[PDB]
Amino acid sequence: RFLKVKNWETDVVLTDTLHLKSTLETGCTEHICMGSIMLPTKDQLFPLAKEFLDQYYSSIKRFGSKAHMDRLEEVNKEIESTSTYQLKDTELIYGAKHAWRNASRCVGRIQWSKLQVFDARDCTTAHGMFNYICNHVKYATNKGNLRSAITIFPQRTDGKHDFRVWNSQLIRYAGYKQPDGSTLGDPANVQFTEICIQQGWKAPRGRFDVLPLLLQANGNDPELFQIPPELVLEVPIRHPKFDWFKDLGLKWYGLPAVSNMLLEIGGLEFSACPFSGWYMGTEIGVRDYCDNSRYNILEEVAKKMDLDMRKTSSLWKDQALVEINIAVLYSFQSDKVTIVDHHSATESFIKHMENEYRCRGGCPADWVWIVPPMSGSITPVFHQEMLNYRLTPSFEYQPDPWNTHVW
Amino acid sequence: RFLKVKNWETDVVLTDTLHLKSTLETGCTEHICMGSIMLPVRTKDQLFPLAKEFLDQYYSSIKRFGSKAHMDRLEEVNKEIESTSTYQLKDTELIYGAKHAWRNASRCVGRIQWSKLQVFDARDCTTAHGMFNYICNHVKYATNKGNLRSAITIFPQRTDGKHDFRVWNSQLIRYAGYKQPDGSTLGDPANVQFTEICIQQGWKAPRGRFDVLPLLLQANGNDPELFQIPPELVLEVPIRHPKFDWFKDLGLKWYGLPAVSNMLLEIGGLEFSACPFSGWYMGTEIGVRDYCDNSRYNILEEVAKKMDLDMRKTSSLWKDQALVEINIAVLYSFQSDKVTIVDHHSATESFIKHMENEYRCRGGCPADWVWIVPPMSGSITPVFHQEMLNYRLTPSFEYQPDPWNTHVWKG
Ligand code: HEM
Ligand code: HEM
Ligand SMILES: CN[C@H](C)Cc1cc(C#N)cc(OCc2ccc3c(C)cc(N)nc3c2)c1
Ligand SMILES: CN[C@H](C)Cc1cc(C#N)cc(OCc2ccc3c(C)cc(N)nc3c2)c1
Ligand SMILES: C[C@H](O)[C@H](O)[C@H]1CNc2nc(N)[nH]c(=O)c2N1
Ligand SMILES: C[C@H](O)[C@H](O)[C@H]1CNc2nc(N)[nH]c(=O)c2N1
Ligand SMILES: [Zn+2]
């Protein structure tokens, strides 16, 4: 019941007890593992709040204090009256940082305590949201010296007054379906691109068109806003050896800012909570560029490299894939934009694991997502056993708004 | 209950009902996933249910469920159990069991081939010399001058556990590993402990970087004995690179026949503790893991140097670049020598087809994503985007403790 995880490359063994604090469920059973599945009232609220305030006051070493019990009493009284409750600023910051800390699929969590939390709970309108989001983007970008940040909009009340950012990320490229049959720009964003147009967006129909913000405040119809171009830091992609690489006409944005997840703290639900950090190189070069359902530039690149593409066993895809990823790193580094390669990030994560087992009793980790999408076994996490379980506070998936919104 | 998996690259959705037939446990619970954990004397009491369930599956597969041959067989096994405390499989049952253990092997990406397994019945074997003979014939048959054929050789089942047949080698063909006084390792670091056991048992080691290890064979619970595979039976391939003429000078070679010999075959409650099986290599098994794992030959650095890569910072991806070239060389070498090998793109593609076929004709296919995704270029192979369900079906292959940790030495 006090479980061990072994690293098979180093024989390091860690002992996990943190998992016994786990509340939510994994989706697996004794008879079946679902480890590779993408997505597996007044009454319920108070235990949730108590559990949260319990860990909070423990973290500041005042468990079982006047302050603790008073606050416990205080929230207790408020829940019974108002049917919900509001977090103190200190708890909000703690909650957010720990949602990241607990994100078992995130390889970048060694940075978790340095998160910049922007309290936007006083926001009432989409224009207000746009302002808060522009400020977030500017702060997080920091002219290429990226800084981690989250902006937290008002918590759900009755599910009719939801604050929602309809974009999956604050900054993403448009995707257009061609009469020609294929897809121009980013195929992952074809439906959202359609909705934006369907909402009144004047699409330039280019390859890298930055999408407008679609902001929903207090449950009303969402509104289009254009992020000031000077706030959107982009990197032209070139190769340190291949001159012809520039001519592909590739660029990507510096700021990965995920905006469609739900932040849960002490039972409270923040449905609009865009958060951002900085890219691992493979996120762009392997996934964004080379997934068959994405930019899929693999053939074009290998073509330009004059590789033998007649048989798979020439490993031309693998050769090209590496070069593409060398370029992404090279480009970001050259333009002084924060980026980390998969070797560095995974090494950091192993160190982060070490720390968490040492000062917290463990670290929930989802091997399927932590191992990079290229060169897996030559990174240290491949040989690292991991335990996956769900701790709260947490980030959660939530329905796409257009499948829900009462217009 | 029905369960669905989605391939997120193609949006294809499949429905698993087979997981209902699952008996054994995964290691997971509702509150924890042990998906990436490497590993998460049976009496007549619990044996007949296991036997019955197997015979029900067997006779269903041949469309004779409920027939008189089915019921009589059940009767026959029942009496033989309560009389002898064990029982013997018919040849037909043995062959079926072994093929299905492979079919059920959720970590195996090569299962499209499962039904074409050559099964050698070595249950009449009694001594280590006899084991050596059976294994020699396996190797010759399997190797087939480079045109590899899948095969398994099955030695007598466990009785009281005091008379086990074991192959002490982890694979039938593997290179020696030698710890040097200065802390360095010569040969395959993965095989240092086994190499030392061999040397202790009287093996005279060449002490080179690619010495084929002797067979260490255990019959009927006796102390194991050393045998040397005739070198003409061991097919090897010099590794060279199609464009890098200096690659041959690295002095690398590998053997052609991957033949795993330390696992246990379970069929209808019976335990076959010695059951070496073989197929053919996926290129990455050699080029990624065997050569580039930090704990193996670890040739990444040397390859990177000769390519004159920027090894100063990791963000040059010199490791990634060197890895691809090493794996290119491995495939090139085997194909040039007409020795069966499959690249990871071809194999994962086949597996998806195998998996879809299994879902339709069988109601599922247990799969271990953690093990199925290749150790390089994961997301550009189609299994990466494929959701999978992992559960345990019998017949199966199981891990077992290394025999030198449990063996009672005779002297
Ligand atoms: C600062 C550098 C960061 C890096 C390098 C990083 C890296 C990654 C990577 C590579 C993934 C894999 C998912 C994918 O492939 O799309 C991921 C997932 C995730 N990240 Fe991080 N991340 C960083 C910062 C953050 C921050 C600041 C937060 C929130 C405060 C966060 C929360 C998450 C969450 C919740 C997931 C999983 C989403 C899901 O369950 O699908 N990350 N991260
Ligand atoms: C014929 C071509 C075959 C290929 C290409 C193949 C490929 C693989 C690979 C790549 C693995 C992952 C193991 C690792 O990377 O260390 C694996 C696992 C496995 N294979 Fe296959 N295999 C083949 C044939 C067979 C046969 C003939 C059997 C048995 C009759 C078999 C049984 C297994 C089992 C039981 C595992 C799981 C081992 C474990 O749990 O550690 N395979 N296979
Ligand atoms: C390729 N992964 C596919 C698209 C699945 C996915 C779904 C969702 C959602 N909802 C959110 C996802 O985002 C993961 C994520 C979240 C935050 C990140 C931050 C803040 C930085 C970074 N470099 N990567 C992140 C990656 C991914
Ligand atoms: C790097 N993998 C580590 C050593 C774990 C492992 C353990 C065992 C055992 N026992 C057996 C293992 O082998 C898996 C396996 C089994 C049979 C194979 C066959 C028949 C062919 C092939 N190409 N690969 C195989 C791979 C692996
Ligand atoms: C810790 C982790 O489970 C372990 O390193 C696994 C991961 N996946 C693997 N996958 C394959 N094919 N072979 C392996 O040996 C492993 N090792
Ligand atoms: C099918 C599989 O669960 C799916 O492709 C997962 C696997 N691992 C991943 N890992 C990361 N980092 N990001 C992903 O989107 C995925 N997708
Ligand atoms: Zn699981």
# chains A, B, ... in the order shown; residues from 1 in each chain; ligands from 1
>>> select_by_dssp(residues="region 66-183 of chain A", states="alpha helix (DSSP H)", output="number ranges by chain")
A: 66-82, 89-101, 126-141
>>> residues_near_ligand(ligand="ligand 4", cutoff="9 Å", atoms="only C-alpha atoms and all ligand atoms", output="VMD selection string")
chain B and resid 38 107 to 110 150 to 152 170 to 171 190 257 to 264 276 to 283 285 289 to 290 341 to 342 398 to 402
>>> residues_around(residues="region 12-25 of chain A", least_positions_apart="5", cutoff="7 Å", atoms="only C-alpha atoms", output="mmCIF file with C-alpha atoms, in the first residue's frame")
data_model
loop_
_atom_site.group_PDB
_atom_site.id
_atom_site.type_symbol
_atom_site.label_atom_id
_atom_site.label_comp_id
_atom_site.auth_asym_id
_atom_site.auth_seq_id
_atom_site.Cartn_x
_atom_site.Cartn_y
_atom_site.Cartn_z
ATOM 1 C CA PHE A 2 3.090 2.208 0.317
ATOM 2 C CA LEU A 3 4.162 1.824 -3.321
ATOM 3 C CA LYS A 4 7.598 1.841 -4.925
ATOM 4 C CA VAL A 5 8.671 3.196 -8.320
ATOM 5 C CA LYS A 6 11.926 2.072 -9.887
ATOM 6 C CA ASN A 7 14.074 3.794 -12.503
ATOM 7 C CA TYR A 357 9.186 12.225 -3.447
ATOM 8 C CA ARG A 360 6.006 15.660 -0.491
ATOM 9 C CA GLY A 361 5.977 11.859 -0.543
ATOM 10 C CA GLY A 362 5.475 11.473 -4.268
ATOM 11 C CA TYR A 389 -3.421 9.331 -9.595
ATOM 12 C CA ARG A 390 -5.563 12.429 -9.282
ATOM 13 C CA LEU A 391 -4.996 15.079 -6.618
ATOM 14 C CA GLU B 30 -9.982 3.011 -9.399
ATOM 15 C CA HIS B 31 -7.624 5.331 -7.551
#
>>> closest_residue(among="B:345, B:296, B:63, B:149", to="chain A", atoms="only C-alpha atoms")
B:345
>>> interface_residues(of="chain A", to="chain B", cutoff="6 Å", atoms="only C-alpha atoms", output="list in words")
residues 25, 26, 28, 29, 30, 31, 32, 33, 34, 35, 36, 37, 293, 313, 341, 373, 374, 375, 376, 377, 385, 386, 387, 388 and 389 of chain A
>>> residues_around(residues="residue 94 (chain B)", least_positions_apart="2", cutoff="9 Å", atoms="only C-alpha atoms", output="ChimeraX atom specification")
/B:89-92,96-99,119,121,154,267
>>> write_last_selection(atoms="N, CA, C and O atoms", output="compact mmCIF listing (two decimals), in the first residue's frame")
# COMPACT_ATOMS: atom_id res chain seq x y z
N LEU B 89 -1.92 -32.03 -21.52
CA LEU B 89 -2.59 -31.51 -22.71
C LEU B 89 -2.39 -32.41 -23.93
O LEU B 89 -1.30 -32.93 -24.16
N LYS B 90 -3.45 -32.59 -24.71
CA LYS B 90 -3.33 -33.15 -26.04
C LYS B 90 -2.50 -32.22 -26.92
O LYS B 90 -2.41 -31.01 -26.66
N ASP B 91 -1.90 -32.78 -27.97
CA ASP B 91 -1.08 -31.99 -28.90
C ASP B 91 -1.82 -30.79 -29.47
O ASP B 91 -1.28 -29.69 -29.52
N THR B 92 -3.05 -31.03 -29.92
CA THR B 92 -3.94 -30.01 -30.43
C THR B 92 -4.11 -28.86 -29.44
O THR B 92 -4.12 -27.70 -29.83
N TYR B 96 -2.72 -24.91 -29.66
CA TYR B 96 -3.70 -23.85 -29.49
C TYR B 96 -3.30 -22.92 -28.35
O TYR B 96 -3.35 -21.69 -28.49
N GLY B 97 -2.90 -23.51 -27.23
CA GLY B 97 -2.52 -22.75 -26.05
C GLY B 97 -1.36 -21.82 -26.30
O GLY B 97 -1.39 -20.64 -25.90
N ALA B 98 -0.34 -22.33 -26.98
CA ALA B 98 0.86 -21.55 -27.23
C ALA B 98 0.57 -20.39 -28.18
O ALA B 98 1.06 -19.28 -27.98
N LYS B 99 -0.22 -20.65 -29.22
CA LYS B 99 -0.58 -19.60 -30.16
C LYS B 99 -1.39 -18.51 -29.46
O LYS B 99 -1.27 -17.34 -29.79
N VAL B 119 5.07 -24.93 -33.47
CA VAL B 119 5.12 -25.39 -32.08
C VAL B 119 5.89 -26.71 -31.99
O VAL B 119 5.45 -27.71 -32.54
N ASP B 121 6.98 -29.76 -29.70
CA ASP B 121 6.60 -30.42 -28.45
C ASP B 121 7.77 -31.17 -27.88
O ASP B 121 8.11 -32.25 -28.38
N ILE B 154 8.48 -26.41 -26.37
CA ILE B 154 7.88 -26.50 -25.04
C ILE B 154 8.31 -27.74 -24.26
O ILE B 154 8.04 -28.90 -24.65
N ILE B 267 -1.00 -22.47 -19.56
CA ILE B 267 -2.10 -23.00 -20.35
C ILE B 267 -2.98 -23.85 -19.46
O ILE B 267 -2.53 -24.88 -18.93
>>> residues_near_ligand(ligand="ligand 1", cutoff="7 Å", atoms="only C-alpha atoms and all ligand atoms", output="JSON list (two decimals) with N, CA, C and O atoms, in the first residue's frame")
[["chain", "number", "residue", "atom", "x", "y", "z"],
["A", 96, "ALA", "N", -4.10, 27.55, -7.37],
["A", 96, "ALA", "CA", -3.64, 27.55, -8.75],
["A", 96, "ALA", "C", -2.28, 26.86, -8.90],
["A", 96, "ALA", "O", -2.06, 26.06, -9.82],
["A", 97, "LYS", "N", -1.37, 27.20, -8.00],
["A", 97, "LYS", "CA", -0.02, 26.68, -8.09],
["A", 97, "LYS", "C", -0.05, 25.17, -7.93],
["A", 97, "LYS", "O", 0.72, 24.45, -8.57],
["A", 99, "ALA", "N", -2.72, 23.19, -8.55],
["A", 99, "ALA", "CA", -3.37, 22.59, -9.71],
["A", 99, "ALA", "C", -2.31, 22.19, -10.75],
["A", 99, "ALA", "O", -2.35, 21.09, -11.31],
["A", 100, "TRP", "N", -1.35, 23.09, -10.98],
["A", 100, "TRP", "CA", -0.22, 22.84, -11.87],
["A", 100, "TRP", "C", 0.65, 21.72, -11.29],
["A", 100, "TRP", "O", 1.00, 20.79, -12.00],
["A", 103, "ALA", "N", -0.73, 18.40, -11.95],
["A", 103, "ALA", "CA", -1.07, 18.03, -13.32],
["A", 103, "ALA", "C", -0.18, 16.87, -13.78],
["A", 103, "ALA", "O", 0.96, 17.06, -14.21],
["A", 105, "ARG", "N", 0.09, 14.96, -16.19],
["A", 105, "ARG", "CA", 0.53, 14.88, -17.57],
["A", 105, "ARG", "C", 1.53, 15.97, -17.94],
["A", 105, "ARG", "O", 2.05, 15.96, -19.05],
["A", 106, "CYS", "N", 1.83, 16.90, -17.03],
["A", 106, "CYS", "CA", 2.72, 18.01, -17.37],
["A", 106, "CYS", "C", 4.17, 17.70, -17.06],
["A", 106, "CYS", "O", 4.51, 17.41, -15.92],
["A", 107, "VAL", "N", 5.04, 17.80, -18.06],
["A", 107, "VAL", "CA", 6.46, 17.50, -17.86],
["A", 107, "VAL", "C", 7.20, 18.71, -17.29],
["A", 107, "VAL", "O", 8.29, 18.58, -16.73],
["A", 108, "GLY", "N", 6.58, 19.90, -17.41],
["A", 108, "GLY", "CA", 7.24, 21.13, -17.00],
["A", 108, "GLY", "C", 7.02, 21.60, -15.57],
["A", 108, "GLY", "O", 7.28, 22.76, -15.23],
["A", 109, "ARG", "N", 6.56, 20.70, -14.71],
["A", 109, "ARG", "CA", 6.13, 21.08, -13.36],
["A", 109, "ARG", "C", 7.24, 21.46, -12.36],
["A", 109, "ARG", "O", 6.92, 21.82, -11.22],
["A", 111, "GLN", "N", 8.76, 23.96, -12.33],
["A", 111, "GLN", "CA", 8.61, 25.41, -12.21],
["A", 111, "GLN", "C", 7.36, 25.82, -11.44],
["A", 111, "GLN", "O", 7.08, 27.01, -11.30],
["A", 112, "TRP", "N", 6.62, 24.84, -10.92],
["A", 112, "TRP", "CA", 5.24, 25.07, -10.48],
["A", 112, "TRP", "C", 5.05, 26.19, -9.45],
["A", 112, "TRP", "O", 4.01, 26.85, -9.45],
["A", 115, "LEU", "N", 4.56, 30.40, -10.45],
["A", 115, "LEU", "CA", 3.44, 30.84, -11.26],
["A", 115, "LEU", "C", 2.95, 32.23, -10.88],
["A", 115, "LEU", "O", 2.80, 32.53, -9.70],
["A", 148, "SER", "N", 5.70, 32.22, -16.60],
["A", 148, "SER", "CA", 4.47, 31.48, -16.33],
["A", 148, "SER", "C", 3.38, 32.33, -15.68],
["A", 148, "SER", "O", 3.65, 33.08, -14.73],
["A", 149, "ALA", "N", 2.15, 32.17, -16.15],
["A", 149, "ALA", "CA", 1.04, 32.96, -15.63],
["A", 149, "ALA", "C", -0.31, 32.28, -15.81],
["A", 149, "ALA", "O", -0.51, 31.49, -16.73],
["A", 150, "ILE", "N", -1.24, 32.59, -14.92],
["A", 150, "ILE", "CA", -2.62, 32.18, -15.06],
["A", 150, "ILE", "C", -3.51, 33.38, -14.73],
["A", 150, "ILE", "O", -3.20, 34.15, -13.82],
["A", 275, "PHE", "N", -4.01, 29.67, -18.86],
["A", 275, "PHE", "CA", -2.68, 29.62, -18.27],
["A", 275, "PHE", "C", -1.60, 29.37, -19.34],
["A", 275, "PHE", "O", -1.84, 28.76, -20.38],
["A", 276, "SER", "N", -0.39, 29.85, -19.07],
["A", 276, "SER", "CA", 0.62, 29.83, -20.10],
["A", 276, "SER", "C", 1.96, 29.59, -19.47],
["A", 276, "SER", "O", 2.17, 29.89, -18.30],
["A", 277, "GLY", "N", 2.88, 29.03, -20.25],
["A", 277, "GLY", "CA", 4.26, 28.88, -19.84],
["A", 277, "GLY", "C", 5.13, 29.12, -21.05],
["A", 277, "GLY", "O", 5.04, 30.16, -21.70],
["A", 278, "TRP", "N", 5.97, 28.15, -21.37],
["A", 278, "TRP", "CA", 6.75, 28.21, -22.59],
["A", 278, "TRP", "C", 6.83, 26.79, -23.21],
["A", 278, "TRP", "O", 6.62, 25.80, -22.52],
["A", 279, "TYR", "N", 7.12, 26.72, -24.51],
["A", 279, "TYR", "CA", 7.05, 25.47, -25.28],
["A", 279, "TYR", "C", 8.19, 24.50, -24.99],
["A", 279, "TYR", "O", 9.33, 24.91, -24.78],
["A", 280, "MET", "N", 7.89, 23.20, -25.00],
["A", 280, "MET", "CA", 8.94, 22.21, -25.27],
["A", 280, "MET", "C", 9.04, 22.12, -26.78],
["A", 280, "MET", "O", 8.02, 22.14, -27.47],
["A", 283, "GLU", "N", 6.66, 19.92, -28.98],
["A", 283, "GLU", "CA", 5.25, 20.28, -29.07],
["A", 283, "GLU", "C", 4.92, 20.92, -30.41],
["A", 283, "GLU", "O", 3.87, 20.68, -30.99],
["A", 340, "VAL", "N", 12.51, 24.96, -24.42],
["A", 340, "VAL", "CA", 13.32, 23.89, -23.84],
["A", 340, "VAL", "C", 13.27, 22.65, -24.75],
["A", 340, "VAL", "O", 12.22, 22.32, -25.31],
["A", 345, "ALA", "N", 14.10, 19.08, -20.65],
["A", 345, "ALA", "CA", 12.85, 19.08, -19.89],
["A", 345, "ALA", "C", 12.63, 17.79, -19.12],
["A", 345, "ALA", "O", 12.16, 17.80, -17.97],
["A", 369, "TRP", "N", 1.98, 10.46, -21.30],
["A", 369, "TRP", "CA", 2.07, 11.85, -21.73],
["A", 369, "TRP", "C", 3.41, 12.49, -21.43],
["A", 369, "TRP", "O", 3.84, 13.38, -22.15],
["A", 370, "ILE", "N", 4.11, 12.00, -20.40],
["A", 370, "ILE", "CA", 5.39, 12.59, -20.03],
["A", 370, "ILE", "C", 6.52, 12.25, -21.01],
["A", 370, "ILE", "O", 7.38, 13.08, -21.30],
["A", 395, "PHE", "N", -6.59, 20.85, -12.79],
["A", 395, "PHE", "CA", -7.14, 21.28, -14.06],
["A", 395, "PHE", "C", -7.89, 20.11, -14.67],
["A", 395, "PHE", "O", -7.43, 18.96, -14.59],
["A", 396, "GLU", "N", -9.03, 20.40, -15.26],
["A", 396, "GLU", "CA", -9.90, 19.37, -15.79],
["A", 396, "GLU", "C", -10.32, 19.75, -17.19],
["A", 396, "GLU", "O", -10.34, 20.93, -17.54]]
